[PDB]
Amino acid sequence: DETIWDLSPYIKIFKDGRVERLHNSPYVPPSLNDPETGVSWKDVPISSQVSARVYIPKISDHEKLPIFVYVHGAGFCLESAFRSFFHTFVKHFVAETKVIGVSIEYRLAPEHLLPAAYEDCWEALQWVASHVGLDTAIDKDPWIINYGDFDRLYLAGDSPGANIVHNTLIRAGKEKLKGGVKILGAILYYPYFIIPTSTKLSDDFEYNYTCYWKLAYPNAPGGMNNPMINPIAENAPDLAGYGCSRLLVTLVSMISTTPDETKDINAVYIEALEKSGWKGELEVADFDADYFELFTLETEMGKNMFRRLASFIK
């Protein structure tokens, strides 16, 4: 039948409400002592609507590890913490950086429009924070209680996930987290913002980039000038409020074989943060690379970007 959004080969949204997910990587079940990596993972409930895949690496000491909270991307509308595309990345990252991984399973558009994802990821972060100083209720993860170092909490995301992390950092700034937990550092791989710049995006890229915000938040107050998509809008929260001490922004130049056009947008964002009076450590990493190579880890450039993100965790 007719479609509203034909975003082949990623997603089709039909006039009749049907959603075909063309890029849906297979489910990967929980595993103990993964042969390749020694990582173990489990899928745990946070609420009746929010869950997470929790990861622990091969253990040596009693020693506590940084906590790496990941928010997957893909259009606000695709994939899962539980499917191989993002799971394979987080698994390898956990093995390499020796962290407790918490990959959030948040509700996807169009079935659950924004701000569902924002609410879910905030609820999940507060859930992580709620374990501080518990050395237990049925919802509490013993991996986080026993091995999570709340002095080294990181929050990371890609594409719309990085947009969620942005909005979560603003919120962590205004509201604070349970137990006085502070986010030490955050990572945005391929930020997802929409900002008017002096050079217009090309017609095709504008359509295939802005569509995700349009289908995920059709009734957004201010549309693509909503502060949650445009972080320098008239009514936007002060970036000085960002609730982390360290921030890594990683930029790429290609979406598969398509030239990316977010250079100007991300430049305005970074200039705004630097001009804000946020007195944190800013790290930018700008690669001639495909967005996808970070996750697949088949190419040298993919491995370089992986190692750059790994270096941000100490």
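Position 1 is the first residue in the sequence shown; the rest follow in order.
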Between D135 and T136, the number of deposited residues left without coordinates comes to 4 to 9
Going by the entry, of stretches 154 to 162 and 170 to 178 the one with greater average Cα B-factor is 170 to 178
Between 126 to 134 and 213 to 221, the record assigns the higher mean Cα B factor to 126 to 134
Per the deposited B-factor column, the C-alpha that peaks among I59, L248, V50, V28 belongs to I59
From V71, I195, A186, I145, the top C-alpha temperature factor is at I145
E283: C-alpha B-factor third of its chain, per the entry, is the middle
Entry-reported C-alpha B-factor of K98 relative to its chain, by third, is highest
So, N33's CA B-factor, relative to its chain, sits in which third? The middle
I232: C-alpha B-factor third of its chain, per the entry, is the highest
Chain thirds by Cα B factor, record data; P115 belongs to the lowest
